[PDB]
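In the structure tokens that follow, the same protein chain appears in two forms, which are kept apart as structure 1 and structure 2.
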Structure 1
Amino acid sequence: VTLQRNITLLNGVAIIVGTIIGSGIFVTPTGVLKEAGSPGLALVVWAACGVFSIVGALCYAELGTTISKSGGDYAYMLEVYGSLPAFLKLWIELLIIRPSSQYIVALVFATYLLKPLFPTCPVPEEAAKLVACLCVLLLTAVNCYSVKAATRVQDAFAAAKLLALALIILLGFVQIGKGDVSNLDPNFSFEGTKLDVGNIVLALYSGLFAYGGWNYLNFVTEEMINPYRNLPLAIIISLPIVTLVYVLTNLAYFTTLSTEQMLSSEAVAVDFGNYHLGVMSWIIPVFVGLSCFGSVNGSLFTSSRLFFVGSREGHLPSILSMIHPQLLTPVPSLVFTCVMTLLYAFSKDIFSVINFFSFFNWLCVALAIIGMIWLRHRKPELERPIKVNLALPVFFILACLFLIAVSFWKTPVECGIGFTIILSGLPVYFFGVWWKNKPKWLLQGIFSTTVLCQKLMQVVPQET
């Protein structure tokens, strides 16, 4: 009877785990080994990354259940800060950050789906972009048809991802059960004192990329079932499981492949399937590709919800956030998300666009969690169904400031260009909303376009 509420505690976990686990573990697990060298240092650094994600996620879940509003990481900023910083963050997200991770994940799915066809030579790009576009279009159609199908497919693909990780760790443990260990028992493989200056912090920086979705489920809330109970439970179920899985599969990778040959690799998580099980090895990479597929859906979901909430505040045009009855799905928002994700298919590179704003999420987490302390200082009487040990938000602020400082010091030119891009977006809001009382030469055309689009798509505005 409700408008749209079909997400339980066995679904939300699917969304979070699908968003977290992409190509970070299969494709690029060698950065930490290159930085540190010793397997023990890699294990302890992955454990530290996991606990850092835990302490961030608990605070973010407490903040989300404090202000139970859809569109996380932006609703908190809008309610604390106001109208300008929230619009800046939303505009940069909808322009350069949100519809680029989805495209990169679609590209990696397309690339690792066709790997058995071309085991050695690189997959042609004219056939790798089209598969990503096919995946994006099909997933957008599925999401626009209904939400129940999207939830079911996301849950199935999260289950497949966990099954694949279980299979690889089981094979590794079976090899452990043999008479060969190939582990550094007598002495340390490496000391890892310092590469150039980055003794430890470089491992932390390139050890937090495997995570990142610890904070998405908040982009969906107010559509869950009993959010005050199932949001912190979903986070608590999802996060320690994923960090334990990361640590254990890293141990398997170290104990099944030698350091020297695996360090000099470019397409990791294929030689593992080739060496051990030999014939029919294509079951390892193809399934991995399927993994990435599901993740896109997850991200796609939240993306739509984000643009459903921004236009609620007049930040985005009112044409969006106009649901379609008899299906209760935001058709214009999903179409906009799919089109904007496709729009980046013309970038012939993969390194740019997203690497300028690596510091952006790190600063935004701090900017949205200082709102926690500000709200605690101003209005300490809002309902709080769960409480954790205090003084952790300030520790996370210290960690976030350290992380943005490390990112700036490691690469200042790219961060400076990113800062220029974010700062240059103010004009679009200065002369986009503030310039009210416009004459009747532009508003009537916008209204006409809105009504014809409504007729074309058969949508109605949200009812209360």
Structure 2
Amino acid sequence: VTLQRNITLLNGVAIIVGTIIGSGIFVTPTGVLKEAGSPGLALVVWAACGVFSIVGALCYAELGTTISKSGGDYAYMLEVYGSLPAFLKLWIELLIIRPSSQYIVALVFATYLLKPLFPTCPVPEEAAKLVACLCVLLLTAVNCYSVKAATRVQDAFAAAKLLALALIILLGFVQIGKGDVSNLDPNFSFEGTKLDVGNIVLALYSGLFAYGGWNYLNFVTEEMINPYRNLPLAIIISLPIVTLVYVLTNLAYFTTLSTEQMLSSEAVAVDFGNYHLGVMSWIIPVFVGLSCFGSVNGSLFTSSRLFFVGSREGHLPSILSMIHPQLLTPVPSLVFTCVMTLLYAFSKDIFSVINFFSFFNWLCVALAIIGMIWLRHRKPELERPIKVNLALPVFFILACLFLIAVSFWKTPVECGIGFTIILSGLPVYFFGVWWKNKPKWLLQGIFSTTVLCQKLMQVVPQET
């Protein structure tokens, strides 16, 4: 009663694009410009983020080819280091990191979808929250209904967002070719905080956030046809296209709007559409909303698969990782992800906090590469269809420590808080995994709850 083997190369490429393209391209430019000022500095920062993401994606493709198990970035650490680090990562993964990206993307989609109705006066927040909740509910419903439908939706929305970006690039090129210049030729005029590495890493945080989701295909592996050939091919097809699209869009943005008006603005896409169209200027917010819809739909699938694979190792209750007959879908995992995502609606502005815990997020990746090189060194027996030349993982980890050292040199108390949060998973781990021969009254209670959920949702244990 295995799940399926249905994801093809095109489906994986579409999933990557949809996930990688969500709302960062339409929001993070303002923050990265305020934190860099010089358009050339912003462009080179985005290029550095792109090449770093390409490096990481290649290394993760190598690792996934080596270990053909579902739920990447977590199965590898479990294989290499043991049980404690894996559960320590997963405990905060299922609380903070995962049920925050979906909510933020849904909120951005809701805000941008209602922009034409309220062009000047800001939209009410309650309506945006309701629209985001409706979007999340509909997406989790369609994901639970089937797998092929989710893939078709992902491909359709990826095509839509690619067409939108192509139209933006064409408009920018037409504006450039009309015979008008800007501060692009005399760039680097201001170049502030050139020696201040704090602002540099602050801008790099937003740049890396805009590049997030590049490793989500490793979560859904063991479910795609012929992974050994399809995975690296999909990654190398997808990543450079994303980098090129991002840099071209950033270049096309500056040719229309001045630096001061970009910094003072709040919706650069809306201003670009208004300037270049005047009438029928509502297309851009609609396309942004569609892109965000596709991104959150892509993220939910990977989150559900990650929660599915983790529960098979006993780190999660046995009610999870419990497949459904007839249609093969992990209903409890999707329901849990949806209910956890909705729980963040009872919060104030969260974007300022999204940079929190990024240090640990990029730290776990570094340990994964260390585990990969450890396995490559001390275990020269596993069959490796793909082999990557050295000093590429070395450069990746060196960049990781360079990025992690600044987070300790500056804002240290804001790291110690949060670091205390990640360490708070020790008591729950010792209560739920290490502990054995617990008092029986809990045992039949959890058994009865699991049986009740079993009967209510009519699912089957993972027999095979």
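What we label the rigid core is the largest C-alpha set whose atoms superpose within 1.5 Å from one form to the other. All residue numbers here refer to structure 1's sequence, counted from 1.
Following superposition on the rigid core between the two structures, the residue from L117, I283, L137, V181 with a C-alpha displacement of 2 angstroms or more is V181, and no other.
Relative to the superposed rigid core, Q326 undergoes a CA displacement smaller than 2 Å between the two structures. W46: CA moves 2 Å or more between the two structures after rigid-core fitting.
Annotation for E79: C-alpha shift under 2 angstroms between the two structures, rigid core superposed. For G425, the Cα shift between the two structures is 1.7 Å when the rigid core is held fixed in the overlay. Taking the core as reference, the C-alpha deviation of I97 between the two structures is 0.8 Å.
Here the two forms are laid over each other by their core, and the C-alpha of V32 is off by 3.5 Å between the two structures.
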